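1. just the starting chains for now, same placement as in the complex:
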Amino acid sequence: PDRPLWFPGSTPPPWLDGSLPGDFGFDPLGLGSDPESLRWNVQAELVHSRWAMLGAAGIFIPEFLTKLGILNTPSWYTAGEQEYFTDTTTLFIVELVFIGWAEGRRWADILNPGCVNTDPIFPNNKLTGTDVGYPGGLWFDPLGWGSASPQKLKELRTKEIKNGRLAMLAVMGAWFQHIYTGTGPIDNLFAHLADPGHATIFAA
Amino acid sequence: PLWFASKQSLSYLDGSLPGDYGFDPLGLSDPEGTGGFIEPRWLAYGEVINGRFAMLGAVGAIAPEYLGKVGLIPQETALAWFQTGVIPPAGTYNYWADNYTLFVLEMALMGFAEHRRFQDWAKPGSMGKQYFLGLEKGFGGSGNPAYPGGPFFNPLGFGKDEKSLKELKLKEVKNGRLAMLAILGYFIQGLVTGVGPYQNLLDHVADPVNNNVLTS
Amino acid sequence: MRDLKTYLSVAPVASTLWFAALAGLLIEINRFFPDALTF
C-alpha cells in the first residue's frame, strides 16, 4: 500500500493495492482492472511462473553439464525432434490424458474454489490449501512450508512469482538466442564472458 | 539591458528569468494559449539543459584535438569530434566495446538518470521517496526542477544567498548559449571544411586572408 | 477496458473477427483437403 513501485514517482493503478504477492503497480494497459480478470491473470501468472522455472532449470542445468562432460544431453532446442522409446506422438496422447486431468481439476478449483480438494477414489486423502493457486496437502506441500503467517506467505509467494517472472524472460531468451546465434545458452554466456564489449547481440 | 526586445515580449519576460534580455522575435514563450512543449516553465528548463550539455560538448569536442596537437595525450586517442566513431563513415576507433554496444550502455545509464530527473519535474516530492540504494537522500530536488542542489548536485555549497545565486544562474546561462553556438560552429565548420574545429582556429591565424569562410 | 470490450463487440468489429476466423478455417480445410468436389 506504500510499497516500492515499478515506476518510482508514478501512481499505481487503483486495482493494485499491494495485497497480491509481487504487486509493484505494473499494469499500464489495464489488463487486470476488472477483478474477475485480475484473479484469472493471477492464476495464469502463477502457472506461467511454475512452468518457466521447471523449463529454465530443465534447459539451463542439463545444457550446462553437457557443455562440459558430466552429462551428454542433446541440445534443448532439438531434444524434441529426436526419437525415444515410443514415438513422440504417443507420448503426447499420454501427456494430454495425464496433464488434462490435472489441468481439469485445477480449472474446477479456479471456477469453484473448494470443489476438488478431496480424492475421488479414496476420499480420505485431502488437500490443505485455502487460496486458489496454492493447493497444499501432502502432494504439493508435504513439508507444511505453504502454511505460515500471512507476512511470511506474502514474501514466500513474492519469491515464488519473482523467480517465475525472471524464468519467463530467461526461457524466452533461450528460445531467441538459439535462433539468432546458432548454439546453446551456455555457449552464449561464455562468448559474452570471453569478450563482454563485442560478443553481444551485434554481429552486423 | 534588452537584446532586440519588443513591447509585447516585455509583457511576460518580467526580468525574473536568469538571462532575461527580452529577446523573443517570434513570441515563443508567450503565456497566451500555451500547450505541449511550447510552455514557459519548460522552455527555460530546455535552455538550461541544452546549455549544460553544450558546455561539456564544446570543451570535449576540442579537448583531444587541443591536447593532441601539443602532445599531451597519445596521438592514437586524440581525435576531432566527427571522427571518434560517432559518425562511422567519417571516422571510427576501436574502443573496449562495439560502437553500437556502447550506445546501449549509454541509453541504459542515461535512461536511469534522465528518467529519474523527469519525475522531479512532474512530481517534485518524488525520487526521494522510493528506495534507491539509499541514494534517494540526495534526490529530493529543491522545489526547483532545474536547480535541485543537495549533496549530489551542490556538494560544495555555491549560491550561498540571494545575490550570489542569481549572479551564478546569470553566468551559467550565458556560457551555455555561447557553447551552444560553439556546438553549432563545430557542426557547420565540419561539413564545409572537413577539418576539426581547433585546426580551423589554427589556419585562421597562420593565414587569415586565405583561410576564411569565404574561401570554402 | 470495459468500454473497449463494448466497442470490440459492435456489429462491424464482431463481424470481421467472426468472418476472419471463418475464412481461416475454410482456407485451412482447403489446404489440408483440397479439390473436394464429392462431399
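-> Here it is on my side, so go on. Numbers count the residues shown, from 1 in each chain, chains lettered A, B, ... in the order given.

2. which one of the residues in chain C is closest to chain B?
-> Nearest residue of chain C to chain B, counting by CB to the nearest CB: residue C:1, 24.6 Å away. For every residue, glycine as well, the C-beta is placed using N, CA and C.

3. how many other residues sit next to that residue?
-> Applying other CB atoms under 10 Å in any protein chain shown, we find 12 residues neighbouring residue C:1.

4. check residue A:201 too.
-> 14.

5. how about it, phi and psi?
-> phi -70, psi 0 (degrees, to the nearest 10).

6. look up how far residue A:110 lies from the residue of chain C closest to chain B.
-> Look at residue C:1 and residue A:110: by CB to CB, to the nearest Å, they are 21 Å apart.

7. and what of residue C:35?
-> Following CB to CB, the distance that separates residue C:35 from residue A:110 is 45 Å.

8. which ones are touching the residue of chain C closest to chain B?
-> A:30-31, A:33-34 (CB atoms under 8 Å, 6 or more residues apart in numbering or on different chains).

9. among those residues, which are located in helices?
-> Within the contacts of residue C:1, no residue falls in helices by DSSP state H.

10. so for the residue of chain A at minimum distance from chain C, what's the nearest residue that isn't a sequence neighbour?
-> Nearest to chain C, among the residues of chain A, is residue A:30, at 4.5 Å (CB to the nearest CB). Spatial nearest neighbour of residue A:30, excluding adjacent residues (CB to CB, 6 or more residues apart in numbering or on different chains): residue C:1 at 4.5 Å.

11. hmm, back to that, which among the contacts of residue C:1 end up buried?
-> Taking 16 or more other CB atoms under 10 Å in any protein chain shown as the criterion, nothing in the contacts of residue C:1 is buried.

12. same structure, new chain, call it chain D:
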Amino acid sequence: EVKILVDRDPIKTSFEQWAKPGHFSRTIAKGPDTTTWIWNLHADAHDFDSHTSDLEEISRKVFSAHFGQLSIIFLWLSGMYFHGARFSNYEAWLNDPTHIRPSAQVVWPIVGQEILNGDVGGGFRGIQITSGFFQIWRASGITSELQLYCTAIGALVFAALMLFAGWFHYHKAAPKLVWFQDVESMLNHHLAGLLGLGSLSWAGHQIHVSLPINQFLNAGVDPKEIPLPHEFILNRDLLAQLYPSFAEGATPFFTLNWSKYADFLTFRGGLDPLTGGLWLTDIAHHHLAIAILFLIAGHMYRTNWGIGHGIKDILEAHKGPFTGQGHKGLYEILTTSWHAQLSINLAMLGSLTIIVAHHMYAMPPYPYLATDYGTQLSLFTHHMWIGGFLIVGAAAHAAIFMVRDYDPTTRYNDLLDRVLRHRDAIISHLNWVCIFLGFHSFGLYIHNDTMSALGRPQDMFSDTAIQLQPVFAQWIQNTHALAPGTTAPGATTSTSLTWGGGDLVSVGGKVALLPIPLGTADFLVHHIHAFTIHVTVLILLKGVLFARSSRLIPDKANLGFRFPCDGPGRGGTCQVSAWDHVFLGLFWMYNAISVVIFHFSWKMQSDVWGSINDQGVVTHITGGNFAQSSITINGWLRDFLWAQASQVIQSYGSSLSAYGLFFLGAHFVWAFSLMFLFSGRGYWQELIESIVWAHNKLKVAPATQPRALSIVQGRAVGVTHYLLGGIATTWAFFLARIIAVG
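-> Chain D now in position relative to the chains above:
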C-alpha cells in the same frame, strides 16, 4: 500578432465514446429504432458541421483527421516499398528493364490461385504491377532490396508520427480558431516551406545520388558494383569524374559562374535516347529553378513584420464597372467556411491531376517508363479518374457552401451576388452551347455511320472525304517543334517528341514517342471532349446556382443540401437538391472520362506505340487504324471494343485470368446498380413488409425494424455501383489488353 495559440486538454482521451455508436450526433446517439439508423451513422460520420456549430471545434476535427489521412498514406507507401523489398523482381529488373516485367505481389498457393503468379522474368513468379514504382526507384538510384526495406521502415515511422500528431493536436494541444485563420502565414509556409524546401532538398538527392547512380546504370555497370550513394558524398572525386563541375565545389555557385555547372544542370529537352525518359540533368535543373521560385513566393504575404500584403487588401482592390465592389468580403468567406476552401482546392487539385496525366505521357519523366506501355496506360487513366472525381467534389462543397455558409447579411460579396442575379442567363447559355456541341460533335459520327452504311464513304467527315482538319492544334504543334532553334534558343530539342516534328525515340525495339499526328478523327474526338465536359459543368453549375432557390422551389435552401425532393406536386420535384445535381454529374463525369481514356488507348496503340525494325520500319500495335475507324460509332464498337476485348475474354487459364473475372464481375456490379437507379423505395418497403410478416410468424423479427434505403441512399448506392462496375470493367479491359500486347 500571428502567434502559436493552442488550448490544453480540450477533449479527454477515453474509450467511452467508442462504446457509444453515434455519439457525435445528438439524434443518432439515442440509438436505433430502425435499420435506417445504421446508414445515417455512416453518412454523417465526417459531416463535422452537423456535429457542432463552433468553427473552432470543427477546424480541430479536420486538422487531426488530416493527420489520420497522412498516417494512412505513409502506411500505404510502407507496404509499397516493403513489397518491392521482399516480394519483387526489382533487383533482377534493373539488369534487363526492356524484357523483365515489373512484379511486386505474389499470391499464396490456395484453391488453384497460383496461376496468377505469372512468368514475369528474372526467375520470379508474381502479378505484373502497373503502378510504376520500379521506374521511380531506379530514377532515385535505389539499387537493392535493402534500400527499400529502410524506406519502408521510415515510412512506417512517419505513419506512427502522423498518427501521434493527430491524437496530440486534438486531445492535448488543439490550435485555436485564429491560428487556423492565419492564412497569410500558411501560404508563406507552404510556398517557401513545403513546395520550396521540398523541391530544393529533392534536388539535392538528384544531384548527389540520382544523377551519379543512373550514369553507372546507363553506362552498363552492374548495380551490385555501383558505388553506394554515400560514397558520392564522402568522396567528391567520384562525382567530379562524371561531372567536372563538382571539382570547383560550391565556389562557382557563389561567384555567379553558374554556366560552369552546365554538365549536370542542363536545358536539353527531349528524351535520353538510351533510357526513354526525360534527361535526369534536365530534371535536376528543373527542381533547382522551381525550388527558387517557391522560396521567394513564400515571402509575399504579411505576418509578424511590415513587408508583405494582407490578402484582404489585394481582394478589396479588384473591382470593375461591370462588377461593382468586386472581391470585397471574400477574405471573411474563405477564413470562416471550410467548404468554400474545399471547393476551390478540389477544383484545382482535380484539374492539376488531369494535367499530370497529359504531361507524364508526352514527357515521360522516368527511365524505361515510356516503353512499359502497361504502366503508362495505367498512370494516365488512373490520374484522369482521380482528377475527374475531385472536380465533381468541388461542385458538391460549392453547393454545400451555398446552403449552409452563404449569408448575405453578415458576409456579403457582390461578385457572388451578381452571378446569383443572372443565373438564368448563365444556365440557359450553357444549355444551348451543350446542344450545339452535341449536334456538331456526336451528330457528325451519326452522319458518318449513316453515310458509311449507305455505301457513300465520299460523304463522310473523314481524312479521305469532307476533312475537318484541326488547324489550330496542328499550328501549335509545328510551332513547338521549331522552338528549340528559334523562340527557345537555350533549348536543344523540343520539350516533347509529341511536338509534330523531330524524329523518334525507341527503347529495346519498342517505340517510346514519335510525333503524334492530329487529323479529322482527332478533330471529332476533341469536340466530344468539349461536349461532355460542357454538359458536366451544366449539371454541376446549375446545381450550385439554384441550391438556395428557384422559381419552382422558392425556399429550397431550407430543405438542406441533401434531400430527395419536395414531393409530386408542381408536376413533380424529384432531384431538385444540389446533392442530386452531384449525383447526375458523376454519371456525366464518368461518360466524359471514359471516352477520354478510350481516346487515349486507341490513339497510343494506333499511332504511337509499337515495335521498331532493324531499319526503322515501325509496326504500331493496331497499325494506324485510328484514322479511318474512329470516325464512326461502328468503328469504336468493332475495331476498338470488339477487337481489343479479345485479350480479356480469352485470359482464362493464364496469369491474366483475374482480369477475366474482374471484367465479368464489374459488368455484374454495373448491371446491379440499375436495380437501385430504376426503382423506388416504396416498392421495396412494401416487399419488406411481407418478409417481416414471415419473420414474425416464426418469432424471428429484429427489434431494429428493417427499412428500405432512403430515397437519397438508393441514388447514392446506384451511382456508386454504377461507377465502380463501369470503371472496373475498363480497368480489367485495359490491363488485360496492354499487358498481353504492350
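
13. once more on the neighbour count of residue C:1, this time with chain D?
-> 13.

14. and the gap between it and chain D?
-> Remark: distance between residue C:1 and chain D (CB to the nearest CB, to the nearest Å) = 8 Å.

15. gap between that residue and residue A:24?
-> Distance from residue C:1 to residue A:24, by CB to CB: 20 Å.

16. checking the residue nearest in space to the middle of chain D next. Helix, strand or coil?
-> For chain D, the residue whose C-alpha lies nearest the mean C-alpha position (CA atoms, centre = their mean) is residue D:386; its distance is 3.0 Å. Following DSSP: H, G, I helix; E, B strand; the rest coil, residue D:386 is assigned to helix.

17. for it, which non-adjacent residue is spatially closest?
-> For residue D:386, the spatially nearest residue (CB to CB, 6+ apart) is residue D:353, at 5.1 Å.

18. hang on, the earlier thing: the residue nearest to the centre of chain D contacts residue D:351, correct?
-> No. The pair residue D:386 / residue D:351 is not scored as a contact, 11.4 Å apart, by CB atoms under 8 Å.

19. can you show me the helices along chain B?
-> Using DSSP H, helices in chain B cover B:40-60, B:63-70, B:99-122, B:150-153, B:162-193, B:197-206.

20. residue contacts, the residue lying closest to residue B:22 once chain neighbours are set aside?
-> Once flanking residues are discounted, residue B:22 sits nearest to residue B:5: 3.0 Å by CB to CB, 6+ apart. Counting by CB under 8 Å, 6+ apart, residue B:5 touches B:13, B:21-24.

21. for chain A, see how far away the residue positioned nearest the centre of chain B is.
-> By CA atoms, centre = their mean, chain B has its centre lying nearest to residue B:53, at 2.4 Å. Using CB to the nearest CB, residue B:53 is found at 23 Å from chain A.

22. noted, bye for now.
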